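Only one chain comes next, encoded as structure tokens, the form deposited in one PDB entry.
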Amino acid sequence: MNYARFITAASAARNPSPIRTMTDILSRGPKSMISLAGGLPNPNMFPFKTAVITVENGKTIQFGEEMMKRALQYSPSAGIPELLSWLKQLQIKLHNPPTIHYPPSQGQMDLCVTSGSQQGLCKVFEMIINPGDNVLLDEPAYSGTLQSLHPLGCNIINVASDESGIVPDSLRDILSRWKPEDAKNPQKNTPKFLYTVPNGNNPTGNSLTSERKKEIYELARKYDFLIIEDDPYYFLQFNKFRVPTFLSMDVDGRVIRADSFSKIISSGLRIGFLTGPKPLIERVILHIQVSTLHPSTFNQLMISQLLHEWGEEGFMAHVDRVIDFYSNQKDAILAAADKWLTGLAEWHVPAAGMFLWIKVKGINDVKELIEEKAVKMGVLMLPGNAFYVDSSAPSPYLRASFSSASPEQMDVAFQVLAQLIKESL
């Protein structure tokens, strides 16, 4: 409602940047207009001329001469228009955000294609955080998010979490340190935002429930902080019905959502997108304008043509094939764990994503059990230390990936792990 509270002085100071009044006064004027004002290099010099890309369960994608010249040239900072338009309709279909027709100044929904979802997240953190600011999140958390927040000098306040994600009662108790009106008084530093991964948290695999999301949103309104919904496993949920998102209930315009195609379409193409209130999305776009400039035009056109041929039906059919694969992988790793973890460890069933979070019994720290003993036995799993702000503290947890391993490999790996646990007790 007052977005200036969430924008640093540096971010607010940004002004719009190049490739400007050249391809817009010419994108509506007469076809007889001569322009020597643009800053585009001549694309006829570029060496790639055509492309043919085959697609499984889809029409082959072809870039002819003219399309290739577009794919190899600069494009708009927020993304190419046909991809932005498709993605906007997808967000309306999946989330029907309340903010679609709000005035810009009070949070009109806006989208930005980013060079991966983490780029959007990083620029959002940089947009908001002054040194000393307080921010809320639940540990264990994605190590990359922790490493992104560390140099910004914010105080990370841990919110309790269990098998159903963030525990609202813990958030409420933490927030009771302040009065709601303190949010309009920056002297004692009410939290600027809550960050969470609401589906298939990396590393835990746990997901938030609908009732808790509603409680959390009410707290975000009461103490007027933003919700940063980092949802890269949104399309990798094993439940038949997806839990409503924070975006879908965001009547205030206080949610910034990051979506990713890295798990379902491609991680290497570096294409994700942000959805959020226009004043905040605009600050991110302005930062992109002086940084990457835009996501690869070529990769955007690959994805946009794929998605347009698929339609929303073909897209959802693809996600359902991917869910089917990962859910079978999940069943397989759970079977191996049931077989070989013998009351030697505890674990919750992942609700989404690609990781199993294992607590080993009777051992206080497992990085020595793995990085020393397990490595020479030919098995590797990741100690949980890296997913806490204080990574030097001992952790009895391991993160095991089921994205790729065959059932045989899982059986072997957990046999080895079981032996090591038993001979280490």
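One rule holds for the numbers: they count along the sequence shown, beginning at 1. Only residues modelled in both forms are compared. Under this definition, the rigid core comprises the largest set of C-alpha atoms superposing within 1.5 Å between the forms.
The discussion below concerns the form deposited in another entry, not included here.
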Tell me, which of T60, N364, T50, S35 is the one whose C-alpha shifts by at least 2 Å between this form and the one not shown, with the rigid core superposed?
-> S35
Cα separation of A37 and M67 in the other entry versus here, shift of 3 Å or more = closer
Did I288 and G39 drift closer or farther in the other entry, going by a CA distance change of 3 angstroms or more?
-> farther
Moved residue ranges in sequence order between this form and the one not shown, Cα 2 Å or more, at least 3 long, core fit = 17-19, 29-39, 57-59
